[PDB]
Structure formats: structure tokens, C-alpha cells
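Inspection log for the structure reproduced underneath, given as C-alpha cells.
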Amino acid sequence: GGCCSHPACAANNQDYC
């Protein structure tokens, strides 16, 4: 993955990250 390394992605997706 790697989306969780992006603050915005991880912030909106607490389920994915």
C-alpha cells in the first residue's frame, strides 16, 4: 500500500489506515 503515508488519506480513512 502506502496510502497511509499520506496524512489526508489516512485521516479520511481510519478504516484503511
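Please note that chains go A, B, ... in the order of the C-alpha cells, that every chain numbers its residues from 1, and that ligands are numbered from 1 in the order shown.
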(request) Would you please extract all alpha helix (DSSP H) residues from chain A, as assigned by DSSP on the backbone, and give them as a list in words? (result)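 Written out, the alpha helix (DSSP H) residues of chain A are residues 7, 8, 9, 10, 11 and 12 of chain A.
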(message) Need to verify the contact set: residue 16 (chain A), 10 Å, only C-alpha atoms, exclusion of same-chain residues closer than 5 positions in sequence. Can you return it as number ranges by chain?
(response) A: 1, 3-4, 9-11
